[PDB]
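S.K.: Quick one: experimental structure and sequence below.
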Amino acid sequence: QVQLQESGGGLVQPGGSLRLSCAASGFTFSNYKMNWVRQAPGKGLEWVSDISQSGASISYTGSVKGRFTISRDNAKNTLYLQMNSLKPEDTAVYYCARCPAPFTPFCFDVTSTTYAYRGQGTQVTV
Amino acid sequence: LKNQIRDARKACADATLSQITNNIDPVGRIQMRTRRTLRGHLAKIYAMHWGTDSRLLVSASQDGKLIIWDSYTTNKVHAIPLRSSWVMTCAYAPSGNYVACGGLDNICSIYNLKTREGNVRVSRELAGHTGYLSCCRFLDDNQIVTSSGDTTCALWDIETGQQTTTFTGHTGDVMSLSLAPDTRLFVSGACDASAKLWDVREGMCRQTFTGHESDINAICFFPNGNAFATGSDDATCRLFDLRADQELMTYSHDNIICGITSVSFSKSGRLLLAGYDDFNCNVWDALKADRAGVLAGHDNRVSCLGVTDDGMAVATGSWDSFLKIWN
Amino acid sequence: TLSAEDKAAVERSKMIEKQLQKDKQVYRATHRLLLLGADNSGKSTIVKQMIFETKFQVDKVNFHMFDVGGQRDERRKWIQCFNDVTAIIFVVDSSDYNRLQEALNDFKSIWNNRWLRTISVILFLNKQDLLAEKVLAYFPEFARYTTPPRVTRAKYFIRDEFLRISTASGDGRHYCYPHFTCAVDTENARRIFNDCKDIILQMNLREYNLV
Amino acid sequence: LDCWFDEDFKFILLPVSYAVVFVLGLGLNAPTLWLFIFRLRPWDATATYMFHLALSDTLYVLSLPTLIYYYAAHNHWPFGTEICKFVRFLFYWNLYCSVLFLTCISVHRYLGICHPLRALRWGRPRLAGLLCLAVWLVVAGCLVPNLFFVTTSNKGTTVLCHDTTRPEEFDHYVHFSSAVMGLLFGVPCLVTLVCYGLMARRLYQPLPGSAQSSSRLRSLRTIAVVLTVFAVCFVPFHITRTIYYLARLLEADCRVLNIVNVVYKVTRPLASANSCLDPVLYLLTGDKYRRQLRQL
Amino acid sequence: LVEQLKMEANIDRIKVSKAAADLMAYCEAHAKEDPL
Ligand SMILES: O=c1ccn([C@@H]2O[C@H](COP(=O)(O)OP(=O)(O)OP(=O)(O)O)[C@@H](O)[C@H]2O)c(=O)[nH]1
């Protein structure tokens, strides 16, 4: 039973900072690459960042790079998102997501409308 | 109340197949050699099915031709052209005079074999599915149950062409189904890493088995009818018991990184044959969680696997246009 | 051995095999192309300027391009049915940057797929008149970018953004072909024809013991 | 009957080169010969032509040992007339069918590279099989006169096995050999050179949008190597053969006859070495590297 | 979902060892007729 749960949001100052932590259970952490999913009001499921296996490759978004830090801990079985700089246009819900293929860097369906391995994220309000 | 369900599942704390069946005779190295190589198709083989007569064998490929073999003599009895070239399911009615097919066209076309005019014609078409067909199996001469990639399955009627019952409670896309030996129940594994047991007469789910961590690709009932095996994209099979409502075995290896493409059981339920995306098959022991053989004859992939009704042979397709009968 | 029924069955099998051999030439001589894109991308009008399947030929070589859209917005599984297509005609709407990020991401996911890693992708930046109108009248690397006027730099910025994935992760078994199309461009059929010609040439180089 | 030729400039070179070519041919052609039938059954057009060329090379090198014995025995054929006739037919039969199979593979590559879409618009392995069968039949039919021509005579030694006909019937053999040589080399040689040059010209110029790769350079190097090997193996052999046969036909002074004899007998090992150079050229590069590595 | 979980709560009515023994007895009984 793949389950994901996020925490650490809902209190941001313009230019402030917090930290996002999603917990995982029911699957091996190291064999999968996990993304970040952003859902703004009146908008579809967006994309934020990426981490590949044991942090081999790192990718961001143009509006994300330079202010967001993606961290992961295979031993602790949790994936982190550090928020350094903020603007009031990133108030959304952060879905800690992944892709079903293990030992493969193919995250084809992550931002789908319905998705089994995408936990219910935490609200972030600036 | 999922915590209560997991506590009820954990109430059977002594759940270890490696201990109850530890002191048993191992099956041993199953050395199966190719007997026939039905090299008549044009492109990737996606699906195949055996007949009740245990000789005739239907198969579908990428080129859009649905062919019917005779594995005893390696003779193409029929070759039915298809309107849509992307078909990934096959069927063969127990009466033997009907063959179904389906795929990305979201239509379960049924072709009338052995008609009075001696020709193959589309007897009926079932167009009530909003997603790509994944598996269709002939319940009888009059009913067929189909599962599509639109999260729901459906039971069809040939005379009317409309669904008699539907099974809408699922997540993800249903990937394959398998009927019970009594033909009163059936099971469906989907892309939500879960498999659900359904009742044909009532049309309601009875149990859900969430043991896998990736999309379940193939699922096949145990010959006894009270179990099944699920092969998923996590490169690991599992065996689920309907009564226990909990995974029993986990046929996983460290050197296996390619997901499962097809799963079939032998006649006695002792040998679990699993097709792999690792360029070959694998012949898993049912209750030992150890390998017993490798069918490495194929040279592209393995996409379908079927065991003959009386257990006298098996047939494995491939992404090369070959069909190898093993024994 | 050879009975009356057995001889008839063998003759029927030979007739079936002859029909299959006749159809093999037709199947091998037709090129199957998968049309991919987003809702805002005008992939439909690219076909209209020549599951919904279309048929067209350029130099008596028959191309059959498929625009499947009846699925439930999940393409992990049915995208494997297009493993033997000669090319992918992934179409980008380059006039919507917020959608351009998602186009970049799913082009990357298509490029890095396990089964599509050997399938060349023809890249069409569909909306270019709209892009020219928008620029003439998001990404922080645009300021620190140099042309390999403003609309040309924007066009090549998007092209290089796609080619960054098309090059840094390519295995050499497939390539991306970027093209600049419009709403009224009528050379798309010949562009796809020439790109497929080169794709088949590369497979022929690999299979002829030359590379 | 005539003025004789030099001896030690051939008896010390031809047997050694022929034995080396023989052992290398069976060391390099038999494994791929069995691979092309009962390893993975490759029988598309490319593998059809490659297997037929490998079979031709095996037959060519198997035609050697009796004539290596002939050459090392200082122009002596104790075996008999029948073996002399049959094996000096088989020598040129395998040589010319190997050249024709090289030309067939060159035309196949030209069709598949210069016009690929048309090439698989009209194409079938049945055409390749029929072409190979026609090649075997045509070469055998046109070297039918070779059986009547190669004869055994007792003139200077106890037994000679004349590669040409008897000295009293050389005017027939010069015409026959010139005809078959012109056809079964010049048309294959020009066809192969034209096709390989055209494919190299196509590969040189970068046409596409972003199919820029080192494939078009590695294939160009392979094509250049193949063309150079084919030329240096076959063109000097046939050119020296023409010069020597015309020198004998004109009945010139024995000095130029000795000179052209020496150049022909030193270009002969170059022609023989193609039976060993064909596998290490056509069976190495590409997927056959992986095939041979797996089957090793 | 809560209703389906409620139905699934009342269906866990067997032991794992019983299922393992039943499957073992089934393959033992039918091993004679299995050609593989
Ligand atoms: O004018 C001649 C012609 C022929 N010969 C001698 O006749 C013998 C047979 O020579 P052939 O004329 O029968 O064939 P060839 O030129 O290809 O030479 P070989 O391959 O057989 O070695 C050779 O040993 C040659 O020296 C002469 O000495 N003078």
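M.R.: Thanks, I have it. Residues are numbered from 1 along each chain as shown, chains lettered A, B, ... in the order given.

S.K.: Check which element follows the strand or helix carrying residue D:52 along the chain.
M.R.: In the assignment (DSSP states H and E), residue D:52 maps to helix D:45-62. Downstream of helix D:45-62, the next assigned helix or strand under DSSP H and E is helix D:65-72.

S.K.: The lengthiest helix in chain D close to chain C?
M.R.: Identified as the longest helix of chain D according to DSSP state H is helix D:215-250. Yes. With CB under 8 Å from any CB of the partner chain as the criterion, chain C is reached by helix D:215-250 at D:215-216, D:218-219, D:222-223. The C-beta positions use only the backbone N, C-alpha and C, and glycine is treated the same way.

S.K.: Next, residue D:294: secondary structure please.
M.R.: Here residue D:294 is recorded as helix under DSSP: H, G, I helix; E, B strand; the rest coil.

S.K.: Provide the count of other residues in contact range of it.
M.R.: 9 (other CB atoms under 10 Å in any protein chain shown).

S.K.: quick one, what contacts it?
M.R.: Under the criterion of CB atoms under 8 Å, 6 or more residues apart in numbering or on different chains, residue D:294 has no contact partners.

S.K.: Also residue D:18?
M.R.: Taking CB under 8 Å, 6+ apart as the test, what residue D:18 contacts is D:64, D:67-68, D:71, D:269, D:272.

S.K.: give me the element the residue positioned nearest the centre of chain D is part of.
M.R.: When CA atoms, centre = their mean is applied to chain D, the residue found nearest the centroid is residue D:95 (3.7 Å). In the assignment (DSSP H and E), residue D:95 maps to helix D:81-114.

S.K.: Around the residue lying closest to residue D:94 once chain neighbours are set aside, how many other residues sit close by?
M.R.: Leaving out its chain neighbours, the residue that sits closest to residue D:94 by CB to CB, 6 or more residues apart in numbering or on different chains is residue D:60, at 3.6 Å. For residue D:60, the count of nearby residues is 26 (other CB under 10 Å).

S.K.: Surely residue D:60 and residue D:91 touch.
M.R.: Yes. Under the criterion of CB atoms under 8 Å, residue D:60 makes contact with residue D:91 at 7.0 Å.

S.K.: So which elements touch the helix or strand containing residue D:203?
M.R.: Here residue D:203 is covered by helix D:187-204, with elements defined by DSSP H and E. Applying 3 or more CB pairs under 8 Å, 6 or more residues apart in numbering or on different chains; DSSP states H and E, one finds that helix D:187-204 contacts helix D:81-114, helix D:215-250.

S.K.: tell me which residues in the shortest one are buried?
M.R.: Neighbour-count burial for helix D:81-114, with 16 or more other CB atoms under 10 Å in any protein chain shown as criterion, is recorded at D:83-85, D:87-114.

S.K.: again, but for the longest one
M.R.: The neighbour-count criterion (16+ other CB under 10 Å) identifies D:215-216, D:219-220, D:222-223, D:226-227, D:229-230, D:232-238, D:240-245, D:247-248 as the buried residues of helix D:215-250.

S.K.: just to revisit the earlier point, was I right about the residue nearest to the centre of chain D contacting residue D:271?
M.R.: Yes. Counting by CB under 8 Å, residue D:95 sits close enough to residue D:271 to count as a contact (7.1 Å).

S.K.: for chain D, what are the nearby residues on chain B?
M.R.: So chain B meets chain D at residue B:299 (CB under 8 Å from any CB).

S.K.: related to what we said a few turns ago, which ones are touching the residue nearest to the centre of chain D?
M.R.: D:60, D:271.
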